[PDB]
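# Breakdown of the fold
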Protein chains: 20
Amino acid sequence: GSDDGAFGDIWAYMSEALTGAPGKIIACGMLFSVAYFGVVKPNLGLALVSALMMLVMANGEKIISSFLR
Amino acid sequence: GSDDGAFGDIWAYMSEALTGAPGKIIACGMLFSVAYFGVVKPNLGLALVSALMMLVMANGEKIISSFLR
Amino acid sequence: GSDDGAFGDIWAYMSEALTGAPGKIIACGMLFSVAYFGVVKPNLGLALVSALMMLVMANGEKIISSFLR
Amino acid sequence: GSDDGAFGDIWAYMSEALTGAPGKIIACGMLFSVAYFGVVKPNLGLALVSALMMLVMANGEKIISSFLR
Amino acid sequence: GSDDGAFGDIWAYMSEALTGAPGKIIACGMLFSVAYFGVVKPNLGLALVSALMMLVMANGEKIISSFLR
Amino acid sequence: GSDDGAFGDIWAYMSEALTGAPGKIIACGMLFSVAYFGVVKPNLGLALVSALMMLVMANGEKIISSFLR
Amino acid sequence: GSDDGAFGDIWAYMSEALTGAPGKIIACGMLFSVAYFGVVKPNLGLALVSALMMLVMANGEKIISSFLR
Amino acid sequence: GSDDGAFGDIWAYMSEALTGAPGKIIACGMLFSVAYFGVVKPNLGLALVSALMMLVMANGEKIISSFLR
Amino acid sequence: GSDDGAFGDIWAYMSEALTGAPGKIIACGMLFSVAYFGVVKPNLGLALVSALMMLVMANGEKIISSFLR
Amino acid sequence: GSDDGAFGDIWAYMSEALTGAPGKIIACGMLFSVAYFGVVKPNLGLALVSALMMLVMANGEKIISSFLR
Amino acid sequence: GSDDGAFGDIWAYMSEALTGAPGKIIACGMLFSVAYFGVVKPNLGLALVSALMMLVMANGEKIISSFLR
Amino acid sequence: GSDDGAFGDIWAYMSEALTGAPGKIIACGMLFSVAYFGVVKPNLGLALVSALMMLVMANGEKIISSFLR
Amino acid sequence: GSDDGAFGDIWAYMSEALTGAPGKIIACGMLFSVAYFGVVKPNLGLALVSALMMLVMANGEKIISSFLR
Amino acid sequence: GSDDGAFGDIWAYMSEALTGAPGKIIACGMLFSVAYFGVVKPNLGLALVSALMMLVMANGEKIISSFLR
Amino acid sequence: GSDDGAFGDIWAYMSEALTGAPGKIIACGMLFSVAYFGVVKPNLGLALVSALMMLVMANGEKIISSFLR
Amino acid sequence: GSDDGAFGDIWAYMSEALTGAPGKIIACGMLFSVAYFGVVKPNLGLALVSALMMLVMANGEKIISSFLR
Amino acid sequence: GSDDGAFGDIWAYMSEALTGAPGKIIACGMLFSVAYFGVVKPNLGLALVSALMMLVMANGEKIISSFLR
Amino acid sequence: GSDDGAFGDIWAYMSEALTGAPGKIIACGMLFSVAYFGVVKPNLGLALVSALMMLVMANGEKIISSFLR
Amino acid sequence: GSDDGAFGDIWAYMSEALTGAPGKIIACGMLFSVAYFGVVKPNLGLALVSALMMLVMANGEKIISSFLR
Amino acid sequence: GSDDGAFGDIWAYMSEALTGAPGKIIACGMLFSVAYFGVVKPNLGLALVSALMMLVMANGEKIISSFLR
Ligand SMILES: CCCCCCCCCCCCCCCC(=O)OC[C@H](COP(=O)(O)OC[C@@H](O)CO)OC(=O)CCCCCCCCCCCCCCC
Ligand SMILES: CCCCCCCCCCCCCCCC(=O)OC[C@H](COP(=O)(O)OC[C@@H](O)CO)OC(=O)CCCCCCCCCCCCCCC
Ligand SMILES: CCCCCCCCCCCCCCCC(=O)OC[C@H](COP(=O)(O)OC[C@@H](O)CO)OC(=O)CCCCCCCCCCCCCCC
Ligand SMILES: CCCCCCCCCCCCCCCC(=O)OC[C@H](COP(=O)(O)OC[C@@H](O)CO)OC(=O)CCCCCCCCCCCCCCC
Ligand SMILES: CCCCCCCCCCCCCCCC(=O)OC[C@H](COP(=O)(O)OC[C@@H](O)CO)OC(=O)CCCCCCCCCCCCCCC
Ligand SMILES: CCCCCCCCCCCCCCCC(=O)OC[C@H](COP(=O)(O)OC[C@@H](O)CO)OC(=O)CCCCCCCCCCCCCCC
Ligand SMILES: CCCCCCCCCCCCCCCC(=O)OC[C@H](COP(=O)(O)OC[C@@H](O)CO)OC(=O)CCCCCCCCCCCCCCC
Ligand SMILES: CCCCCCCCCCCCCCCC(=O)OC[C@H](COP(=O)(O)OC[C@@H](O)CO)OC(=O)CCCCCCCCCCCCCCC
Ligand SMILES: CCCCCCCCCCCCCCCC(=O)OC[C@H](COP(=O)(O)OC[C@@H](O)CO)OC(=O)CCCCCCCCCCCCCCC
Ligand SMILES: CCCCCCCCCCCCCCCC(=O)OC[C@H](COP(=O)(O)OC[C@@H](O)CO)OC(=O)CCCCCCCCCCCCCCC
Ligand SMILES: CCCCCCCCCCCCCCCC(=O)OC[C@H](COP(=O)(O)OC[C@@H](O)CO)OC(=O)CCCCCCCCCCCCCCC
Ligand SMILES: CCCCCCCCCCCCCCCC(=O)OC[C@H](COP(=O)(O)OC[C@@H](O)CO)OC(=O)CCCCCCCCCCCCCCC
Ligand SMILES: CCCCCCCCCCCCCCCC(=O)OC[C@H](COP(=O)(O)OC[C@@H](O)CO)OC(=O)CCCCCCCCCCCCCCC
């Protein structure tokens, strides 16, 4: 596909925000949720799942660009 | 069918936008939704479903052209 | 029935447009709707229903000609 | 009743047009409406209702001739 | 990614709060839960798991910044 | 009741279509739905229910003719 | 009441059509609807309700004649 | 009141037609409507309401004669 | 029943697609789901259930043709 | 069945991804889960079950192609 | 209250029908529903609730006459 | 207020009919509705609500006379 | 109550069908469900509950006739 | 009860299928489940329970016919 | 019972697979489990139980055919 | 058709105004409406529909010229 | 298209107001609605949707100018 | 954008009220809701979500001004 | 923010009521719920969670004033 | 906080009822539950936990007043 056009700016902003401030806020939210739910039931596996989700987010733009040319 | 006519330009724009900027924006929206809903309930299967939906979107024009000659 | 007459040209245009540019535009609209509604609730079954509707559209002229001789 | 008279030609034209070009145009309109309304809410039952209406149209002249002798 | 933008202040507040007062409150909650559940079943391994979770929290901002550029 | 009359052709077409192409299409739709919903939750009991519904469809004309003389 | 009069023929036609071709067409419509809605949600209870409605239709003329003398 | 007079014949005809052929035609219409609307939404309660309306019609002349002496 | 008619092409396409590309895609989806859910809870019985569902899909057209003549 | 058609590309991508990068990611996830759950309860049998699941995944395309012709 | 008047016949018919044929039909409907819903989830408590509802129906006329003098 | 006047007879008839034949017919209608809706969802609480409504109807004339002197 | 009237035929048909073909079909459905759910969790107590439900169905007409005179 | 009627064919098919191909498939499913669950926990008592369930299935039609006359 | 019908192919495949490749895979799984659990607690009696389970599997089709005629 | 004549100037002005200032004003009105209605119910699909309507407006002159020669 | 003409001032005012005071008022309205609806059901995803709508509004003039030349 | 104009005062009032008395009232409402819903189900995570929503509200004016220039 | 204005009195009342009579009533409700749910399952940890929620309520006004200036 | 106001009476009643009749009823319920569950599994530790919960209830008003000024 083409990254330009009438919606090029919106797509660019979303792609940079995926690894930018909103993405970091969401990742910090996952970290806070993992810490909070670990008070009663300590489970560090959810931390690993959160790290994997962060890795997926870091590669989200590449995946989208590969699937949608 | 025929890709030309009075509505040829609209169809062409929609077909290129399916894998273009609007399609990439929608895919980034799916990625953001997967990241956001994973804060409380971490579920990486929805990421796989989103990848499959992106693959379907990448093949949408081919499917439409095959069904509608 | 008879495909000719005073309204033969209108019927011919509609029959070719069912699988032509307007039909492809409508199918692309279904694909866009399926992609958009899958952001919050991923559901690939609606994609299958859309494919079935496209198959029905591809056979619409045959069905109409068979029912209305 | 009698199919002839001063209005025999009008009745003949209407009876042939029920399954002719105007009837096929109306059936194609139903198909287009079913396809269009299926973009947001996919519902293939309306296609079945449209097929039943087409079947009724194909038998309209017989029904009219049976009721009105 | 970029730490600035419209959501830079929110991200900064969350990053400092991860190791700040809310994070310390959550860690104290884990300590209280470990002490309380140890009344009937004494288990100091959960204290070690809580310490590991605190160590993860102390490194949460670094992990998020490394994954999300 | 009587199978003939002004609506005899419509009733005949519907009765043959119950076990004909439309009925087979609906049964294939049930099979596709059973296969699709079995991806996340494998449940072969719905296949048995679909087979029972197909058996009911195969006997639909007999049931209608018995109830409505 | 009296089954004869100026409207005796209309009443006779309606009474025979209740269990005749129109009634059978309506019952086949219920069967088709039950089959179609069972694709996504298999529910054979609606088939039982349809059978009960067919039984009511088969006794409709008797009920009307008993209530209206 | 008095059932005779200049309008005695009209009143007599209407009173006998309430439970006669027109009333039976209207009741058959209610039965047909109940059967038709039950194709998509099966609801046998409307059949009970129709039976109650038929019972009211059977007692309409008595009610009118009691209210209007 | 009859495999031909106005809906013969749709039925043929659905029957071949049951064991064709869409059916294989659905089966691959079941395999992916079995692999994904086996990360946390390894359960190879769901693989056997998926194989049985694939066997049912391979025999779906035969079952439909046997039930609906 | 046929591997080609409108959905041939999607099926091909899924079949190669079963043993490709997504399949390897899922297998690495199983390995990570086995390692993590072995910290408190060492169980190398789950490693054998994971190896068997990997073997099943390596043969998934063959199984699907054999069941669905 | 008074059981007679212009609506005495309607009230009498309804009171006898509560324990008459319509009431027995409704009770048989409850029995059929209890049997049908017990196929997947066997629950004989709903049978007890249905028996209690039948007991209430048998005493409905007495309750109405006691409340409404 | 005054119970007499030009509208004294109408008010008297309505007050006696509230607990008379029309009121009993309405109460029997509530009982029939409770029985009918209990076929699919058994709920005896609606019977209690119906009994309370009957009690309100039995006291309707007293309430009206107390509010409107 | 009275077994005759306008709804006597419907009540008779339902009473005979409770122990007739529909009742036997429902009982066979319970047997099939018990067999199917016993594949993963063998539980012969549900067979006893199904037998008790069949016994209740065999006595349903007697219970209805006793409660509703 | 009576084995004939509008639903006689459905009941006959279900009764023969209880000990026919579907019943044998379900029994083979129980055998496969017993074999699979015996890999980790060898328990041949579940095989005896499965044999008893097969014996119950072989006598299901007799039980249904005895309970429902 | 009858081994043929709409489900004859599925039953045949399951019966041959009981002693075929899936059955041999399950038996090899039992052997692997016996070997693995014998590392810490050597117990050759579980090998005898596994051999008995294999013997039961080899006779599963005969048992099913004898119980279900 | 011919773009010239007595009404050539009016047609030219309307055609340029479709994509000119009035068309842009109408499109801005759609954007304002989408923003305003999104305050209570956020729905970005209406933005996509508005973009499609803008695309239709951009091609309106071509469509009119193609249909009306 | 042309931004000038008789309606150039209106279009200019609307374009500047989209990102001006009215647009900021509408965005503040979305923020207030998100805060208010979060009192009973806390949902920060609606905040993300509101941010995306604000981003769309910021690019509305560019989209309109690109679609309408 | 421009903060001045005819709607500058309204925008200024809304921006100051977001962090002013109405915003504080809404935040106190969230605190009251969190306290009230914690009576039956104690959940302090909703307090964290409320704090995050308050942080978003404190940065709402900055976000709006950044998105809408 | 500013604590004064048109809504200053409402905000003041809510802030004092958070630690006033309504807040104490809610805290007593939490204590009553903890006591009541401890009858069957004694759990004093919920008392600690309730104390923490009370501490949060005591600091709610400070948190709101800090977040919303 | 302030113990007076519009809700002062409700708070006073709740505070006195915590150690009054409702609190004593709840404590007696805990004693009855401890006695009842001790029939099969004698456990006097639950009596100690109940005594501690009673001590907490006796100090509930003091705790609430200290936390909420
Ligand atoms: C101020 C202190 C720093 C924040 C500390 C805590 C942050 C919260 C995360 C952990 C709480 C976990 C326990 C929750 C307890 C819980 O049950 O939560 C339920 C609540 C609702 O989430 P869902 O809608 O997924 O849940 C549906 C049901 O679960 C409803 O209960 O979850 C959230 O709202 C938290 C996720 C937000 C995380 C993403 C936030 C970032 C996106 C927005 C960024 C701002 C956009 C601004 C645009 C203007
Ligand atoms: C420019 C970018 C490419 C377009 C991207 C998106 C296209 C829109 C489709 C997905 C949006 C889905 C979410 C919608 C959200 C939504 O609620 O939509 C509601 C809106 C109204 O649809 P209905 O009238 O079916 O809805 C009734 C109620 O639902 C009203 O809300 O749906 C549409 O207008 C979209 C369907 C148009 C699809 C067919 C268009 C092709 C036909 C016209 C071709 C041109 C004819 C020209 C003749 C001159
Ligand atoms: C006042 C005295 C000092 C506090 C002492 C005890 C503190 C509680 C911790 C130990 C209790 C353990 C036994 C619990 C017994 C138990 O079953 O708890 C269940 C309860 C609910 O937790 P989850 O939602 O994880 O549980 C789901 C199910 O388990 C429900 O039972 O757990 C908590 O609420 C405690 C965790 C809060 C810990 C994090 C608190 C800090 C985050 C909030 C900070 C304030 C944000 C303010 C924003 C305005
Ligand atoms: C040609 C193939 C054979 C037909 C196959 C399917 C037949 C349709 C039945 C199943 C579709 C179910 C899903 C529908 C999806 C759906 O939403 O339907 C909605 C549509 C409208 O029904 P209502 O007006 O009850 O609905 C009001 C709203 O629901 C509108 O949506 O229902 C029908 O038209 C079907 C019922 C007709 C059945 C009675 C037909 C027989 C009466 C006429 C006989 C001819 C008289 C001729 C006189 C000249
Ligand atoms: C690109 C990489 C290759 C794909 C890898 C993964 C594929 C996904 C399968 C495994 C995910 C399992 C965990 C899911 C996690 C999960 O919770 O999923 C939930 C989601 C929704 O499924 P249901 O509607 O059954 O679920 C209802 C609720 O469970 C909603 O959560 O499931 C799916 O969408 C996956 C099934 C699609 C499988 C069939 C797809 C093939 C049909 C469409 C073919 C295209 C038609 C095109 C027509 C134009
Ligand atoms: C960054 C470091 C490298 C990653 C290290 C760890 C990876 C996680 C695996 C081990 C954690 C085990 C303990 C978990 C603790 C746990 O309770 O997990 C629960 C969580 C939810 O899984 P389910 O939905 O199966 O669970 C349902 C309930 O168990 C919820 O608790 O499991 C996962 O999400 C992990 C499986 C993902 C494994 C497959 C990932 C690959 C598929 C996606 C590939 C990307 C697709 C991208 C498309 C855009
Ligand atoms: C003949 C057999 C004995 C009757 C058996 C059943 C009686 C019906 C009650 C139960 C049906 C419940 C399920 C209904 C299914 C249903 O959806 O009903 C809908 C229908 C319309 O009621 P509404 O107008 O309240 O409903 C508005 C919407 O719900 C329309 O669907 O309800 C009725 O007509 C029943 C209430 C009549 C009850 C009061 C009747 C007594 C007043 C009239 C007395 C005669 C006056 C004569 C003056 C000349
Ligand atoms: C063709 C082969 C012979 C049939 C073999 C299997 C028959 C099915 C029974 C066992 C399946 C159990 C596992 C199901 C898996 C399952 O989840 O089922 C769910 C499905 C829906 O049942 P409910 O509506 O009770 O369930 C609500 C939710 O559970 C939806 O999942 O259950 C049925 O449809 C089966 C009961 C029908 C049994 C009664 C049928 C006889 C009444 C109709 C007679 C015909 C009337 C014709 C009138 C025209
Ligand atoms: C292709 C190779 C031959 C097949 C080998 C294995 C067959 C599967 C049996 C053993 C697996 C045991 C471990 C399962 C692991 C497991 O957890 O299974 C769970 C899954 C769901 O069963 P339920 O719904 O009873 O379970 C509810 C929860 O347990 C969900 O996990 O069980 C089945 O689907 C297997 C039973 C099917 C057996 C009956 C099949 C025959 C009926 C259908 C016949 C076709 C009808 C066609 C109509 C068109
Ligand atoms: C690649 C190397 C060769 C494989 C070596 C080891 C194979 C595993 C057997 C021994 C492990 C024993 C210790 C396990 C440790 C353990 O705790 O296992 C637990 C795990 C789960 O089994 P269950 O669901 O019976 O257990 C329930 C709980 O025990 C969960 O822990 O057992 C299995 O998955 C192994 C049985 C599979 C054996 C049957 C496999 C053949 C059927 C599938 C054939 C493929 C179908 C394909 C269809 C597409
Ligand atoms: C003074 C304090 C600062 C204001 C605080 C709150 C502002 C309201 C926003 C949040 C309320 C959310 C809950 C509402 C509850 C609710 O149900 O609202 C319903 C109400 C009606 O909206 P719709 O017509 O979309 O709704 C149709 C149905 O939902 C009717 O209920 O929504 C609005 O009016 C709010 C949106 C206005 C937001 C845009 C305002 C800016 C445009 C006008 C600028 C002035 C133009 C002046 C020209 C002279
Ligand atoms: C008179 C004796 C003293 C009161 C003793 C008990 C007080 C109740 C608390 C413990 C019951 C726990 C077991 C409940 C069993 C239960 O299931 O409850 C369910 C019920 C509904 O609560 P939710 O809406 O959170 O629940 C949703 C679902 O759980 C519905 O079941 O909970 C409450 O209503 C209790 C919380 C009220 C506590 C706050 C009350 C103070 C706020 C109002 C102050 C007055 C405002 C006046 C303005 C005019
Ligand atoms: C008449 C004889 C004297 C009473 C003897 C026994 C009293 C019951 C206590 C011991 C039973 C223990 C075994 C239960 C077996 C059991 O499973 O119980 C379950 C049942 C439900 O409790 P939960 O809702 O905590 O349980 C949720 C699930 O466990 C449901 O099973 O527990 C209670 O209802 C007992 C607690 C009431 C105790 C508090 C009562 C005082 C509050 C109400 C005061 C009146 C307010 C009036 C306002 C108008």
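Residues numbered from 1 in each chain as written, not as in the entry; some residues may be left out. Chains lettered and ligands numbered in written order. Part of a larger assembly, values for the part shown. Heavy atoms only, no water.

This entry, as listed in the PDB, derives from cryo-EM and reports a resolution of 2.89 Å.

## Focus: the overall build of chain A
The helix and strand inventory of chain A stands at four helices and zero strands. If you list the helices and strands of chain A from N to C, you get α-α-α-α. Compactness check: chain A gives a C-alpha radius of gyration of 16 Å against a globular reference of 11 Å for 69 residues, more than 25% above the reference. Here the C-alpha coordinates of chain A stretch approximately 50 × 20 × 10 Å along the principal axes. (Helix = DSSP H or I, 4+ residues; strand = E, 2+ residues; numbered from the N terminus. Rg over C-alpha atoms; globule rule 2.2 N^0.38 Å.)

## With respect to the pattern of salt bridges
Taken as a whole and assessed by the stated rule, the structure comprises 26 salt bridges over all chains. The shortest N-O distance in the salt bridge between H:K62 and K:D9 comes to 3.6 Å. Of this pair, H:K62 sits in helix α4 (residues 60-67) while K:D9 is found in helix α1 (residues 8-18), placing the two residues in two different chains. When its relative accessible area of 30% is taken as the criterion, H:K62 is described as partly exposed. (Salt bridge = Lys/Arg side-chain N within 4 Å of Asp/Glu carboxyl O. Buried < 20%, exposed > 50% of the residue type's maximum accessible area, 1.4 Å probe, protein only.)

## A closer look at the site of ligand 7
Close contacts around ligand 7 come from 16 residues, with G:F67, H:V49, H:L52, K:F7 and L:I25 the closest. Around ligand 7, the nearby residues trace back to chains G, H, K and L. Surface burial for ligand 7 is 58%, taken as the share of its 1100 Å² of free accessible area covered by protein chains. It is helix α3 (residues 45-58) of chain H that provides the largest number of residues to the shell around ligand 7, a total of six residues. (Near = heavy atom within 4 Å. Areas by Shrake-Rupley, 256 points an atom, 1.4 Å probe, with all protein chains shown as cover.)

## Observations regarding the site of ligand 5
Around ligand 5, the structure places 24 residues, and the nearest of them are B:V49, C:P42, C:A47, I:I25 and J:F7. Around ligand 5, the neighbouring residues derive from chains A, B, C, F, I and J rather than from a single chain. Starting from 1100 Å² of accessible surface for ligand 5 in isolation, the protein chains cover 87%. Among the elements of the structure, α3 (45-58) of chain B, α3 (45-58) of chain C, α2 (21-37) of chain F, α2 (21-37) of chain I together with α1 (8-18) of chain J are those that each provide at least two residues to the shell around ligand 5. Broken down by element, the shell around ligand 5 gets its largest block of residues, six residues, from α3(B).

## Focus on the relation of the copies chain B and chain A
It takes a turn of 29° to lay chain B on chain A, together with a shift of 12 Å along the axis; the resulting RMSD is 0.0 Å. In this assembly, only 19% of the residues forming the interface of chain B have copies in chain A that are likewise at the interface, indicating a heterologous arrangement. (Least-squares fit on C-alpha atoms. Contact = heavy atoms within 4.5 Å.)

## Quick notes on the environment of L:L18
Relative to the assigned elements, L:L18 resides in helix α1 (residues 8-18). C-alpha separation for the pair L:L18 and L:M57, spaced 39 residues apart in sequence, amounts to 6.7 Å. Apart from the residues lying within four places of it in its own chain, the contact partners of L:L18 are K:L68, L:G23, L:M57, L:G60 and L:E61.

## Comments concerning the packing of aromatic side chains
By the definition in use, this model includes 43 aromatic pairs over all chains. For the pair B:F67 and J:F7, a centre-to-centre distance of 6.0 Å together with 65° between the ring planes defines the contact as edge-to-face. Taken together, the residues B:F67 in helix α4 (residues 60-67) and J:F7 in the segment before α1 connect one chain to another. For the pair B:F67 and J:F7, a shared accessibility class is recorded, and that class is buried. An aromatic cluster is defined as three or more aromatic residues linked by ring pairs; in this entry it consists of A:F7, B:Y13 and Q:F67. (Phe/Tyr/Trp six-rings, centres within 6.5 Å; stacked < 30°, edge-to-face > 60°.)

## Digging into the interface of chain B and chain A
Listed by partner, the interface residues are 27 residues for chain B and 33 residues for chain A. In total, about 2400 Å² of surface goes out of reach between chain B and chain A, with carbon and sulfur atoms giving 83% of it. It is B:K24, B:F32 and B:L44 in chain B that bury the most area against chain A; as a group they hold 28% of the surface buried on that side. Here chain B is connected to chain A by one salt bridge. Inspection of the region where chain B meets chain A yields five residue pairs in polar contact. (Buried area = accessible area lost by both parts, 1.4 Å probe. Polar contact = N/O pair within 3.5 Å; in protein donor to acceptor, adjacent residues only side chain to side chain.)

## Observations concerning the packing of helix α4 (residues 60-67) of chain C against helix α3 (residues 45-58) of chain D
If you want to describe how two helices pack, look at the angle between their axes and the distance between the axes. α3(D) packs onto α4(C) with a crossing angle of 30° between their chain directions and a minimal axis gap of 9 Å. Here α3(D) runs roughly parallel to α4(C), going by the angle between their axes. Where α4(C) approaches α3(D), its residues C:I63, C:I64 and C:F67 are matched on the opposing element by D:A51, D:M54, D:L55 and D:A58. Taken together, the residues of the contact of α4(C) with α3(D) sort by class into seven nonpolar, no polar and no charged. (Axes fitted to C-alpha atoms, helices over the stretch in contact; angles between N-to-C directions. Parallel < 35°, antiparallel > 145°, perpendicular 65-115°, else oblique. Nonpolar A, V, L, I, M, F, W, Y, C, P; charged D, E, K, R; others polar.)

## Notes on the arrangement of the chains
Separating chain B from chain G is a minimum C-alpha gap of 20 Å, and the two share no contact. The closest approach of any C-alpha atom in chain E to one in chain L is 44 Å; the two make no contact.

## Observations regarding a nonpolar patch on the surface
Taken together, the side chains of C:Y13, P:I64, P:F67 and P:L68 make up a nonpolar region of the molecular surface, amounting to roughly 400 Å² of accessible area. Taking the relative accessible area as the measure of exposure, P:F67 reaches 43% and is therefore partly exposed. (Patch = residues over 30% accessible without salt bridge, like charges linked within 9 Å, V, L, I, M, F, W, Y side chains within 5 Å.)

## Thoughts on the side chain of O:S33
With respect to the helices, strands and loops of the structure, O:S33 is situated in helix α2 (residues 21-37). According to the relative accessible area criterion, O:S33 is buried, its value standing at 11%. For O:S33, the side chain forms a polar contact with the main-chain oxygen of N:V39, separated by 2.7 Å. Ignoring sequence-local partners within four residues, the contact set of O:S33 consists of N:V39 and N:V40.

## Considering helix α2 (residues 21-37) of chain B
Over its 17 residues, α2(B) extends 24 Å from the first C-alpha to the last, a length consistent with the 24 Å expected when each residue adds 1.5 Å. Among the 17 residues in α2(B), 15 count as buried, and that is most of the element. (Expected span 1.5 Å × (residues − 1).)

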